[PDB]
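Shown next: target-v2.tsv, containing TSV, C-alpha atoms (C1' of nucleotides).
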```
chain	number	residue	atom	x	y	z
A	2	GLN	CA	15.26	4.56	-28.53
A	3	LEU	CA	13.32	2.62	-25.85
A	4	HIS	CA	9.87	3.86	-24.79
A	5	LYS	CA	7.48	2.48	-22.18
A	6	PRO	CA	5.04	0.87	-24.68
A	7	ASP	CA	8.02	-0.96	-26.21
A	8	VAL	CA	8.60	-2.44	-22.77
A	9	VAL	CA	4.98	-3.31	-22.04
A	10	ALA	CA	4.52	-4.92	-25.44
A	11	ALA	CA	7.64	-7.08	-24.98
A	12	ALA	CA	6.74	-8.13	-21.43
A	13	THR	CA	3.23	-8.99	-22.56
A	14	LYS	CA	4.74	-11.22	-25.22
A	15	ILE	CA	6.82	-12.91	-22.50
A	16	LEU	CA	3.69	-13.43	-20.38
A	17	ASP	CA	1.67	-14.92	-23.24
A	18	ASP	CA	4.55	-17.15	-24.34
A	19	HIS	CA	6.07	-18.34	-21.04
A	20	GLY	CA	4.01	-17.34	-17.98
A	21	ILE	CA	4.35	-14.93	-15.09
A	22	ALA	CA	7.36	-16.70	-13.55
A	23	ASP	CA	9.50	-16.15	-16.67
A	24	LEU	CA	8.51	-12.44	-16.62
A	25	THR	CA	11.60	-11.09	-14.91
A	26	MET	CA	13.37	-7.75	-15.35
A	27	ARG	CA	16.45	-9.58	-16.58
A	28	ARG	CA	14.60	-11.74	-19.11
A	29	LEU	CA	12.65	-8.65	-20.25
A	30	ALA	CA	15.92	-6.76	-20.81
A	31	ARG	CA	17.14	-9.80	-22.74
A	32	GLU	CA	14.22	-9.66	-25.20
A	33	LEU	CA	14.79	-5.92	-25.77
A	34	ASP	CA	18.62	-6.21	-26.12
A	35	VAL	CA	19.29	-3.83	-23.27
A	36	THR	CA	21.03	-3.82	-19.87
A	37	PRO	CA	18.78	-4.84	-16.95
A	38	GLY	CA	19.41	-1.45	-15.32
A	39	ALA	CA	18.03	0.23	-18.42
A	40	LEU	CA	14.47	-0.64	-17.45
A	41	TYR	CA	14.92	1.23	-14.15
A	42	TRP	CA	15.10	4.59	-15.96
A	43	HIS	CA	11.52	4.11	-17.23
A	44	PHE	CA	9.96	2.16	-14.34
A	45	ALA	CA	10.66	2.53	-10.63
A	46	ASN	CA	10.64	-1.26	-10.09
A	47	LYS	CA	9.14	-4.57	-11.18
A	48	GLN	CA	5.91	-3.65	-9.37
A	49	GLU	CA	5.34	-0.52	-11.45
A	50	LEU	CA	6.27	-2.44	-14.60
A	51	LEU	CA	3.77	-5.19	-13.77
A	52	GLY	CA	1.09	-2.60	-13.10
A	53	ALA	CA	1.68	-1.22	-16.59
A	54	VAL	CA	1.42	-4.75	-17.95
A	55	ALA	CA	-1.89	-5.11	-16.10
A	56	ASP	CA	-3.24	-1.86	-17.59
A	57	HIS	CA	-2.29	-2.99	-21.10
A	58	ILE	CA	-3.94	-6.32	-20.29
A	59	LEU	CA	-7.18	-4.67	-19.18
A	60	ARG	CA	-7.57	-2.08	-21.94
A	61	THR	CA	-10.08	-4.59	-23.42
A	62	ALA	CA	-11.92	-5.23	-20.13
A	63	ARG	CA	-13.56	-1.80	-19.95
A	64	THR	CA	-17.04	-1.99	-21.46
A	65	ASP	CA	-19.61	0.80	-21.48
A	66	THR	CA	-22.41	0.22	-19.00
A	67	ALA	CA	-24.28	3.51	-18.26
A	68	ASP	CA	-27.44	2.77	-20.32
A	69	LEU	CA	-28.00	-0.60	-18.62
A	70	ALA	CA	-29.65	-1.78	-15.43
A	71	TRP	CA	-27.61	-2.22	-12.28
A	72	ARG	CA	-27.53	-6.01	-12.59
A	73	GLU	CA	-26.49	-5.97	-16.25
A	74	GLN	CA	-23.88	-3.40	-15.20
A	75	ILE	CA	-22.31	-5.88	-12.77
A	76	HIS	CA	-22.65	-9.05	-14.87
A	77	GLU	CA	-21.36	-7.25	-17.97
A	78	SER	CA	-18.39	-5.71	-16.16
A	79	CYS	CA	-17.36	-9.00	-14.48
A	80	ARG	CA	-17.80	-10.96	-17.73
A	81	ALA	CA	-15.55	-8.47	-19.56
A	82	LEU	CA	-12.90	-8.61	-16.83
A	83	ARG	CA	-12.81	-12.44	-16.62
A	84	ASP	CA	-12.57	-12.61	-20.41
A	85	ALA	CA	-9.69	-10.12	-20.52
A	86	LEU	CA	-7.89	-12.20	-17.89
A	87	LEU	CA	-8.51	-15.64	-19.48
A	88	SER	CA	-6.89	-14.37	-22.70
A	89	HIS	CA	-3.38	-14.17	-21.27
A	90	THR	CA	-1.32	-16.84	-19.52
A	91	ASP	CA	-1.45	-16.08	-15.80
A	92	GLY	CA	-3.44	-12.95	-16.65
A	93	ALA	CA	-5.44	-13.26	-13.42
A	94	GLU	CA	-2.41	-13.73	-11.19
A	95	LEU	CA	-0.74	-10.72	-12.80
A	96	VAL	CA	-3.79	-8.46	-12.47
A	97	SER	CA	-4.43	-9.74	-8.96
A	98	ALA	CA	-0.86	-8.92	-7.88
A	99	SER	CA	-1.08	-5.42	-9.43
A	100	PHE	CA	-4.36	-4.88	-7.53
A	101	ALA	CA	-2.70	-5.87	-4.25
A	102	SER	CA	0.25	-3.59	-5.10
A	103	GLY	CA	-1.85	-0.57	-6.02
A	104	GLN	CA	-0.39	-0.29	-9.51
A	105	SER	CA	-3.23	-0.82	-11.97
A	106	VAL	CA	-5.24	2.32	-12.50
A	107	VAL	CA	-7.91	0.57	-14.59
A	108	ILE	CA	-8.59	-2.12	-12.01
A	109	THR	CA	-9.37	0.87	-9.79
A	110	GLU	CA	-11.57	2.27	-12.56
A	111	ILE	CA	-13.46	-1.04	-12.73
A	112	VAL	CA	-13.95	-0.94	-8.97
A	113	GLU	CA	-15.38	2.56	-9.35
A	114	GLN	CA	-17.62	1.31	-12.13
A	115	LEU	CA	-19.10	-1.41	-10.03
A	116	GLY	CA	-19.25	0.83	-7.01
A	117	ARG	CA	-21.58	3.02	-9.00
A	118	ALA	CA	-23.68	-0.05	-9.75
A	119	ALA	CA	-23.78	-1.00	-6.10
A	120	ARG	CA	-24.90	2.51	-5.27
A	121	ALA	CA	-27.54	2.39	-7.94
A	122	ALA	CA	-28.84	-0.62	-6.19
A	123	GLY	CA	-29.56	0.91	-2.86
A	124	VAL	CA	-26.62	0.28	-0.62
A	125	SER	CA	-25.67	3.20	1.56
A	126	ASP	CA	-22.98	5.65	0.59
A	127	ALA	CA	-20.58	4.46	3.29
A	128	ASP	CA	-20.76	0.83	2.23
A	129	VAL	CA	-20.23	1.28	-1.46
A	130	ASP	CA	-16.52	0.80	-1.50
A	131	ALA	CA	-16.74	-2.32	0.58
A	132	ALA	CA	-19.21	-3.82	-1.81
A	133	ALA	CA	-17.37	-3.11	-5.02
A	134	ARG	CA	-14.19	-4.55	-3.52
A	135	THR	CA	-16.23	-7.63	-2.51
A	136	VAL	CA	-17.22	-8.16	-6.12
A	137	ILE	CA	-13.67	-7.95	-7.45
A	138	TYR	CA	-12.24	-10.11	-4.65
A	139	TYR	CA	-14.65	-12.73	-5.92
A	140	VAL	CA	-13.90	-12.49	-9.63
A	141	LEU	CA	-10.10	-12.22	-9.18
A	142	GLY	CA	-10.10	-15.22	-6.81
A	143	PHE	CA	-12.32	-17.20	-9.16
A	144	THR	CA	-10.32	-16.55	-12.30
A	145	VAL	CA	-7.04	-17.33	-10.54
A	146	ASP	CA	-8.42	-20.75	-9.58
A	147	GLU	CA	-10.02	-21.25	-13.00
A	148	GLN	CA	-6.86	-20.32	-14.94
A	149	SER	CA	-4.82	-22.63	-12.68
A	150	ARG	CA	-7.06	-25.59	-13.48
A	151	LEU	CA	-7.19	-24.77	-17.22
A	152	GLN	CA	-3.41	-24.47	-17.54
A	153	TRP	CA	-3.00	-28.02	-16.14
A	172	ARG	CA	-19.19	-20.67	-16.59
A	173	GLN	CA	-20.59	-21.40	-13.09
A	174	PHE	CA	-18.80	-18.15	-12.55
A	175	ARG	CA	-22.37	-16.85	-12.97
A	176	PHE	CA	-23.52	-18.78	-9.89
A	177	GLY	CA	-21.06	-17.14	-7.51
A	178	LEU	CA	-21.71	-13.78	-9.12
A	179	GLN	CA	-25.50	-14.06	-8.73
A	180	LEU	CA	-24.99	-14.92	-5.05
A	181	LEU	CA	-23.54	-11.40	-4.74
A	182	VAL	CA	-26.13	-9.62	-6.84
A	183	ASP	CA	-28.71	-11.22	-4.49
A	184	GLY	CA	-26.83	-10.15	-1.35
A	185	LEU	CA	-27.11	-6.76	-3.09
A	186	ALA	CA	-30.85	-6.96	-3.91
A	187	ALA	CA	-31.52	-6.46	-0.22
A	188	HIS	CA	-30.31	-2.90	0.36
B	2	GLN	CA	18.15	-34.02	14.78
B	3	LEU	CA	15.88	-31.83	12.61
B	4	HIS	CA	12.16	-32.65	12.40
B	5	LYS	CA	9.39	-30.97	10.40
B	6	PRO	CA	7.81	-29.12	13.38
B	7	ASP	CA	11.26	-27.67	14.15
B	8	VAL	CA	11.18	-26.22	10.64
B	9	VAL	CA	7.61	-24.93	10.77
B	10	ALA	CA	8.16	-23.32	14.16
B	11	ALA	CA	11.31	-21.53	12.96
B	12	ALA	CA	9.73	-20.34	9.70
B	13	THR	CA	6.71	-19.09	11.61
B	14	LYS	CA	9.04	-17.08	13.81
B	15	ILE	CA	10.61	-15.61	10.66
B	16	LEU	CA	7.16	-14.71	9.32
B	17	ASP	CA	6.04	-13.03	12.56
B	18	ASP	CA	9.34	-11.16	12.92
B	19	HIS	CA	10.18	-10.11	9.34
B	20	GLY	CA	7.36	-10.83	6.86
B	21	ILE	CA	6.73	-13.22	4.00
B	22	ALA	CA	9.48	-11.79	1.78
B	23	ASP	CA	12.21	-12.62	4.31
B	24	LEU	CA	10.81	-16.19	4.55
B	25	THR	CA	13.24	-17.87	2.18
B	26	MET	CA	14.67	-21.39	2.24
B	27	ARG	CA	18.13	-19.95	2.69
B	28	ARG	CA	17.19	-17.63	5.56
B	29	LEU	CA	15.22	-20.48	7.16
B	30	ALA	CA	18.28	-22.75	6.97
B	31	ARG	CA	20.27	-19.90	8.51
B	32	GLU	CA	18.01	-19.73	11.60
B	33	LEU	CA	18.26	-23.52	12.06
B	34	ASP	CA	22.08	-23.68	11.50
B	35	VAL	CA	21.77	-26.09	8.61
B	36	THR	CA	22.66	-26.25	4.90
B	37	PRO	CA	19.92	-24.94	2.57
B	38	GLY	CA	19.75	-28.35	0.89
B	39	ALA	CA	18.96	-29.90	4.24
B	40	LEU	CA	15.39	-28.61	4.12
B	41	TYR	CA	14.84	-30.48	0.84
B	42	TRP	CA	15.05	-33.87	2.60
B	43	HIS	CA	11.94	-32.99	4.67
B	44	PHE	CA	9.99	-30.83	2.20
B	45	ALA	CA	9.75	-31.23	-1.57
B	46	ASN	CA	10.05	-27.46	-2.15
B	47	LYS	CA	9.24	-24.01	-0.77
B	48	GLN	CA	5.58	-24.52	-1.77
B	49	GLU	CA	5.16	-27.60	0.43
B	50	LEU	CA	7.02	-25.83	3.25
B	51	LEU	CA	4.73	-22.80	2.99
B	52	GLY	CA	1.68	-25.06	3.00
B	53	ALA	CA	2.91	-26.55	6.27
B	54	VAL	CA	3.39	-23.03	7.61
B	55	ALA	CA	-0.19	-22.27	6.59
B	56	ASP	CA	-1.53	-25.35	8.39
B	57	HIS	CA	0.34	-24.39	11.57
B	58	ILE	CA	-1.05	-20.88	11.12
B	59	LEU	CA	-4.63	-22.13	10.82
B	60	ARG	CA	-4.66	-24.69	13.63
B	61	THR	CA	-6.45	-21.93	15.63
B	62	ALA	CA	-8.93	-21.04	12.84
B	63	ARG	CA	-10.95	-24.25	13.11
B	64	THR	CA	-13.93	-23.68	15.38
B	65	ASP	CA	-16.72	-26.15	16.04
B	66	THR	CA	-19.95	-25.22	14.28
B	67	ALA	CA	-22.31	-28.26	14.04
B	68	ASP	CA	-24.78	-27.19	16.78
B	69	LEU	CA	-25.33	-23.75	15.21
B	70	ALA	CA	-27.53	-22.34	12.48
B	71	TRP	CA	-26.25	-22.11	8.93
B	72	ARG	CA	-25.66	-18.35	9.16
B	73	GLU	CA	-23.81	-18.56	12.48
B	74	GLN	CA	-21.83	-21.41	10.88
B	75	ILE	CA	-20.60	-19.09	8.12
B	76	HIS	CA	-20.06	-15.93	10.19
B	77	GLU	CA	-18.31	-17.90	12.93
B	78	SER	CA	-16.04	-19.76	10.49
B	79	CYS	CA	-15.05	-16.59	8.57
B	80	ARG	CA	-14.50	-14.64	11.82
B	81	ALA	CA	-12.19	-17.40	13.10
B	82	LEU	CA	-10.25	-17.53	9.82
B	83	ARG	CA	-9.77	-13.73	9.54
B	84	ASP	CA	-8.63	-13.64	13.17
B	85	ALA	CA	-6.11	-16.44	12.64
B	86	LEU	CA	-4.75	-14.55	9.63
B	87	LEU	CA	-4.58	-11.09	11.27
B	88	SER	CA	-2.41	-12.58	14.04
B	89	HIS	CA	0.62	-13.16	11.83
B	90	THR	CA	2.52	-10.72	9.61
B	91	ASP	CA	1.43	-11.42	6.04
B	92	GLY	CA	-0.66	-14.31	7.38
B	93	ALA	CA	-3.31	-13.72	4.70
B	94	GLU	CA	-0.85	-13.57	1.81
B	95	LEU	CA	0.79	-16.78	3.03
B	96	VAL	CA	-2.49	-18.66	3.45
B	97	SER	CA	-3.79	-17.27	0.17
B	98	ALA	CA	-0.68	-18.49	-1.70
B	99	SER	CA	-0.94	-21.96	-0.10
B	100	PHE	CA	-4.61	-22.09	-1.17
B	101	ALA	CA	-3.66	-21.25	-4.75
B	102	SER	CA	-0.89	-23.87	-4.59
B	103	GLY	CA	-3.04	-26.64	-3.16
B	104	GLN	CA	-0.85	-27.14	-0.11
B	105	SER	CA	-2.96	-26.31	2.94
B	106	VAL	CA	-5.13	-29.21	3.97
B	107	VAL	CA	-7.02	-27.18	6.60
B	108	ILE	CA	-7.97	-24.40	4.21
B	109	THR	CA	-9.59	-27.25	2.28
B	110	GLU	CA	-11.23	-28.42	5.51
B	111	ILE	CA	-12.63	-24.92	6.07
B	112	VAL	CA	-13.99	-24.90	2.53
B	113	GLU	CA	-15.69	-28.23	3.29
B	114	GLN	CA	-17.05	-26.77	6.50
B	115	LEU	CA	-18.66	-23.86	4.76
B	116	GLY	CA	-19.77	-26.03	1.90
B	117	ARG	CA	-21.81	-27.96	4.40
B	118	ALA	CA	-23.30	-24.68	5.58
B	119	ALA	CA	-24.14	-23.67	2.04
B	120	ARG	CA	-25.83	-27.02	1.54
B	121	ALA	CA	-27.73	-26.63	4.76
B	122	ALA	CA	-29.05	-23.47	3.32
B	123	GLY	CA	-30.70	-24.86	0.27
B	124	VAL	CA	-28.31	-24.54	-2.60
B	125	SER	CA	-28.25	-27.52	-4.90
B	126	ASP	CA	-25.71	-30.27	-4.55
B	127	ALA	CA	-23.88	-29.33	-7.76
B	128	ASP	CA	-23.39	-25.72	-6.73
B	129	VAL	CA	-22.07	-26.28	-3.27
B	130	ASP	CA	-18.43	-26.23	-4.10
B	131	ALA	CA	-18.76	-23.08	-6.11
B	132	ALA	CA	-20.41	-21.34	-3.24
B	133	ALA	CA	-17.97	-22.30	-0.53
B	134	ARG	CA	-15.08	-21.22	-2.76
B	135	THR	CA	-16.93	-17.91	-3.31
B	136	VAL	CA	-16.98	-17.32	0.43
B	137	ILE	CA	-13.26	-17.96	0.89
B	138	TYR	CA	-12.29	-15.94	-2.20
B	139	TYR	CA	-14.01	-13.07	-0.43
B	140	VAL	CA	-12.45	-13.46	3.00
B	141	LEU	CA	-8.92	-14.15	1.68
B	142	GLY	CA	-9.13	-11.14	-0.66
B	143	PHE	CA	-10.49	-8.95	2.11
B	144	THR	CA	-7.90	-9.87	4.71
B	145	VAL	CA	-5.06	-9.45	2.21
B	146	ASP	CA	-6.22	-5.88	1.55
B	147	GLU	CA	-6.90	-5.25	5.25
B	148	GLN	CA	-3.50	-6.56	6.41
B	149	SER	CA	-1.80	-4.48	3.71
B	150	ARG	CA	-3.43	-1.28	4.96
B	151	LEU	CA	-2.78	-2.14	8.64
B	152	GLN	CA	0.92	-2.88	8.07
B	153	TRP	CA	1.39	0.62	6.56
B	172	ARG	CA	-14.98	-4.81	10.90
B	173	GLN	CA	-17.06	-3.87	7.81
B	174	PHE	CA	-15.84	-7.30	6.92
B	175	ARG	CA	-19.34	-8.19	8.18
B	176	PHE	CA	-20.95	-6.10	5.42
B	177	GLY	CA	-19.32	-7.97	2.55
B	178	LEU	CA	-19.96	-11.26	4.32
B	179	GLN	CA	-23.68	-10.54	4.82
B	180	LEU	CA	-23.95	-9.69	1.12
B	181	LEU	CA	-23.03	-13.35	0.52
B	182	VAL	CA	-25.25	-14.84	3.19
B	183	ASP	CA	-28.10	-12.93	1.50
B	184	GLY	CA	-27.14	-14.17	-1.99
B	185	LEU	CA	-27.40	-17.53	-0.18
B	186	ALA	CA	-30.80	-16.91	1.49
B	187	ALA	CA	-32.36	-17.27	-1.94
B	188	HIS	CA	-31.74	-20.94	-2.74
C	1	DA	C1'	18.54	12.19	-21.24
C	2	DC	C1'	19.15	7.54	-21.75
C	3	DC	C1'	21.93	3.52	-21.49
C	4	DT	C1'	26.24	0.24	-20.17
C	5	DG	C1'	29.27	-2.19	-16.93
C	6	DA	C1'	29.79	-4.09	-13.20
C	7	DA	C1'	28.90	-4.90	-8.93
C	8	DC	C1'	25.91	-5.92	-4.46
C	9	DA	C1'	23.43	-8.94	-2.01
C	10	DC	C1'	20.78	-12.28	-2.67
C	11	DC	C1'	17.47	-16.49	-4.64
C	12	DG	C1'	15.45	-22.12	-5.28
C	13	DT	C1'	17.08	-26.63	-6.20
C	14	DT	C1'	20.19	-30.62	-6.96
C	15	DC	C1'	23.30	-34.02	-5.83
C	16	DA	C1'	27.64	-36.41	-5.07
C	17	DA	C1'	29.81	-37.29	-1.02
C	18	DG	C1'	30.29	-37.94	3.81
C	19	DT	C1'	28.51	-39.78	8.59
D	1	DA	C1'	18.73	-41.88	7.04
D	2	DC	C1'	19.97	-37.33	7.32
D	3	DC	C1'	23.05	-33.66	6.36
D	4	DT	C1'	27.29	-30.89	4.03
D	5	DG	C1'	29.74	-28.78	0.13
D	6	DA	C1'	29.58	-26.90	-3.64
D	7	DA	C1'	27.82	-25.93	-7.60
D	8	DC	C1'	24.01	-24.52	-11.26
D	9	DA	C1'	21.38	-21.20	-13.09
D	10	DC	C1'	19.37	-17.58	-11.88
D	11	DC	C1'	17.13	-13.04	-9.25
D	12	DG	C1'	15.97	-7.22	-8.23
D	13	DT	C1'	18.29	-2.95	-7.78
D	14	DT	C1'	21.92	0.65	-7.83
D	15	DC	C1'	25.06	3.68	-9.70
D	16	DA	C1'	29.34	5.55	-11.49
D	17	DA	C1'	30.59	6.24	-15.95
D	18	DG	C1'	30.00	6.90	-20.76
D	19	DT	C1'	27.38	9.00	-25.02
```
Here is the file; what I need is its structure written in the form of structure tokens.
Amino acid sequence: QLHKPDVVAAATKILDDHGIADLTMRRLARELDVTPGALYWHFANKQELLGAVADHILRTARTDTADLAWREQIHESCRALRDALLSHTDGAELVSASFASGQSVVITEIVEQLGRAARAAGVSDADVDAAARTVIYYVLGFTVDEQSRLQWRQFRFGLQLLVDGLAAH
Amino acid sequence: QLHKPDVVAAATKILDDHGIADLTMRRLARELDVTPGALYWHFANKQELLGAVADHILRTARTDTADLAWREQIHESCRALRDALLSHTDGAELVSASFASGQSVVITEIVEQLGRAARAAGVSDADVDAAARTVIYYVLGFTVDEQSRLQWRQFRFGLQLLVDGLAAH
DNA sequence: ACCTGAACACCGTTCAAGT
DNA sequence: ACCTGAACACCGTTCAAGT
């Protein structure tokens, strides 16, 4: 009997072992000894499946940050994210694609978490979303590039550029 | 007789008309009445072809910025980029993918152009590259999200956050 | 409910062979 | 030089039918 965490575990193993291009619905059915159209009972499509793989990826990226100042909130969040991504082959491409799809709920949670920190820094209520997104655009972009180069930090510099744009309200 | 600008013109028409998912080597050979393995004489692969399509996309995004202050340099560059991208279906996904591939020479030119502006603002010589990349991570991320939502600004807010992180040296 | 069989409509890339 | 034919080794998704 096949259950969703079966699937996500197996696809994660494919990602770690072979990269995001070898993560295909057919190959994933091959590692579970099932028919490719089996997976479509549990997931609506490869997008939803990859979003689940992103959530499983990022279970370790959520760190508690409420008893910390609004700069340590940001830095600590972004550090935890980047370290969750750098721990899986093409982790940052996968999570970035799920964020552009709309299929990782915890990447949305992390954007809420840093939106709170942007608020707590003085930006107006109507510009909070824009800011938080700004931050994650940066760290997703950065880790994609970084994981590229590695597979063939001064992360803090680019991040501090943003926390300074934020210092001014 | 088939020449590279033939190809790039035709693929651009496919992108405008149908989106980046319908831009496939086979479909592109179909619009040129050629065999799919014809395109592989002129381009090494779909990556190189898409980089060429990105360069043709971004011929309009280069604006002259040497007789302007280092904030108008940034704002003007980023405005020109975002407007070149928003003028083509999935323009920002295409250009973003070519930037992650390493196959648009003018996206590299734009990163040089804003690297100069970051220099001219006081950041150290060893942190210039990091900064410029930071900027384009932001505007590529932003326009991807924006073009998503449109197909189904407060750009300036996120950008000013960065030019303020930059004000401090 | 949950999965198989089998099809539908495609992909990128290569490469001998023709002109 | 530049292109065709034809193959190689794949894709995501659907859906009747079985259990």
Separation of CA of residue 104 in chain A from CA of residue 80 in chain B in Å: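 Computing the Euclidean distance for CA of residue 80 in chain B and CA of residue 104 in chain A yields 29.3 Å.
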Which chain A residues are at most 8 Å from chain B (counting all atoms listed in the file), as a PDB file with C-alpha atoms, in the coordinates of the input?
```pdb
ATOM      1  CA  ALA A 101      -2.700  -5.870  -4.250  1.00  0.00           C
ATOM      2  CA  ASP A 128     -20.760   0.830   2.230  1.00  0.00           C
ATOM      3  CA  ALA A 131     -16.740  -2.320   0.580  1.00  0.00           C
ATOM      4  CA  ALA A 132     -19.210  -3.820  -1.810  1.00  0.00           C
ATOM      5  CA  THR A 135     -16.230  -7.630  -2.510  1.00  0.00           C
ATOM      6  CA  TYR A 138     -12.240 -10.110  -4.650  1.00  0.00           C
ATOM      7  CA  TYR A 139     -14.650 -12.730  -5.920  1.00  0.00           C
ATOM      8  CA  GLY A 142     -10.100 -15.220  -6.810  1.00  0.00           C
ATOM      9  CA  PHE A 143     -12.320 -17.200  -9.160  1.00  0.00           C
ATOM     10  CA  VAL A 145      -7.040 -17.330 -10.540  1.00  0.00           C
ATOM     11  CA  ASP A 146      -8.420 -20.750  -9.580  1.00  0.00           C
ATOM     12  CA  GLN A 173     -20.590 -21.400 -13.090  1.00  0.00           C
ATOM     13  CA  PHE A 176     -23.520 -18.780  -9.890  1.00  0.00           C
ATOM     14  CA  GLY A 177     -21.060 -17.140  -7.510  1.00  0.00           C
ATOM     15  CA  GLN A 179     -25.500 -14.060  -8.730  1.00  0.00           C
ATOM     16  CA  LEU A 180     -24.990 -14.920  -5.050  1.00  0.00           C
ATOM     17  CA  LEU A 181     -23.540 -11.400  -4.740  1.00  0.00           C
ATOM     18  CA  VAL A 182     -26.130  -9.620  -6.840  1.00  0.00           C
ATOM     19  CA  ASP A 183     -28.710 -11.220  -4.490  1.00  0.00           C
ATOM     20  CA  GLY A 184     -26.830 -10.150  -1.350  1.00  0.00           C
ATOM     21  CA  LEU A 185     -27.110  -6.760  -3.090  1.00  0.00           C
ATOM     22  CA  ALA A 187     -31.520  -6.460  -0.220  1.00  0.00           C
TER      23      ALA A 187
END
```
Interface residues on chain A facing chain C, 10 Å, only C-alpha atoms (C1' of nucleotides), written as number ranges by chain: A: 2-3, 35-40, 42-43
Expected file contents, prior selection, C-alpha atoms, as a PDB file, in the coordinates of the input:
```
ATOM      1  CA  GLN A   2      15.260   4.560 -28.530  1.00  0.00           C
ATOM      2  CA  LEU A   3      13.320   2.620 -25.850  1.00  0.00           C
ATOM      3  CA  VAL A  35      19.290  -3.830 -23.270  1.00  0.00           C
ATOM      4  CA  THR A  36      21.030  -3.820 -19.870  1.00  0.00           C
ATOM      5  CA  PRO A  37      18.780  -4.840 -16.950  1.00  0.00           C
ATOM      6  CA  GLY A  38      19.410  -1.450 -15.320  1.00  0.00           C
ATOM      7  CA  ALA A  39      18.030   0.230 -18.420  1.00  0.00           C
ATOM      8  CA  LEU A  40      14.470  -0.640 -17.450  1.00  0.00           C
ATOM      9  CA  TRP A  42      15.100   4.590 -15.960  1.00  0.00           C
ATOM     10  CA  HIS A  43      11.520   4.110 -17.230  1.00  0.00           C
TER      11      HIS A  43
END
```
Report the centre and edge lengths, in Å to one decimal, of an axis-aligned box enclosing every atom of range 141-178 of chain A listed in the file, padded by 3 Å on each side, as JSON.
```
{"center_x": -13.3, "center_y": -20.1, "center_z": -12.2, "size_x": 26.5, "size_y": 21.8, "size_z": 16.7}
```
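CA of residue 109 in chain B sits 21.3 Å away from CA of residue 123 in chain B.
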Surrounding residues of residue 48 in chain A excluding itself and chain neighbours under 4 positions, 10 Å, all atoms listed in the file, as a ChimeraX atom specification: /A:44,52-54,98-99,102-105
From A:12, A:59, A:153, A:110, residue lying nearest residue 88 in chain A [all atoms listed in the file]: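 Among the listed residues, A:59 lies closest to residue 88 in chain A.
In this structure, CA of residue 66 in chain A sits 8.4 Å away from CA of residue 114 in chain A.
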Who sits within 10 Å of residue 89 in chain B, all atoms listed in the file, same chain under 3 positions skipped, as a PyMOL selection string: chain B and resi 13-14+16-18+20-21+58+84-86+92-93+95+148
Nearby residues (all atoms listed in the file) at most 9 Å from range 69-74 of chain B, same-chain spacing under 6 positions excluded, as a ChimeraX atom specification: /B:114-115,117-122,182
Missing atoms in range 22-30 of chain B: can you complete it with N, CA, C and O atoms, as a tab-separated table (two decimals), keeping the file's coordinate frame?
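Result file follows (result06.tsv):
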```
chain	number	residue	atom	x	y	z
B	22	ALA	N	8.43	-11.92	2.78
B	22	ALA	CA	9.48	-11.79	1.78
B	22	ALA	C	10.83	-12.25	2.32
B	22	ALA	O	11.67	-12.72	1.55
B	23	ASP	N	11.04	-12.10	3.62
B	23	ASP	CA	12.21	-12.62	4.31
B	23	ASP	C	12.09	-14.11	4.66
B	23	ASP	O	13.04	-14.68	5.18
B	24	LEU	N	10.95	-14.75	4.39
B	24	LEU	CA	10.81	-16.19	4.55
B	24	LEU	C	11.32	-16.84	3.28
B	24	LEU	O	10.59	-17.05	2.32
B	25	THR	N	12.62	-17.15	3.27
B	25	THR	CA	13.24	-17.87	2.18
B	25	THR	C	13.93	-19.11	2.72
B	25	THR	O	14.42	-19.11	3.85
B	26	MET	N	13.97	-20.16	1.89
B	26	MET	CA	14.67	-21.39	2.24
B	26	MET	C	16.07	-21.13	2.76
B	26	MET	O	16.52	-21.78	3.72
B	27	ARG	N	16.79	-20.20	2.18
B	27	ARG	CA	18.13	-19.95	2.69
B	27	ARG	C	18.08	-19.33	4.08
B	27	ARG	O	18.72	-19.82	5.01
B	28	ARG	N	17.29	-18.28	4.25
B	28	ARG	CA	17.19	-17.63	5.56
B	28	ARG	C	16.70	-18.59	6.63
B	28	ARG	O	17.14	-18.53	7.79
B	29	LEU	N	15.78	-19.49	6.25
B	29	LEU	CA	15.22	-20.48	7.16
B	29	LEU	C	16.27	-21.53	7.56
B	29	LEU	O	16.30	-21.97	8.71
B	30	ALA	N	17.13	-21.93	6.61
B	30	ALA	CA	18.28	-22.75	6.97
B	30	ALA	C	19.26	-21.99	7.85
B	30	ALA	O	19.95	-22.60	8.68
```
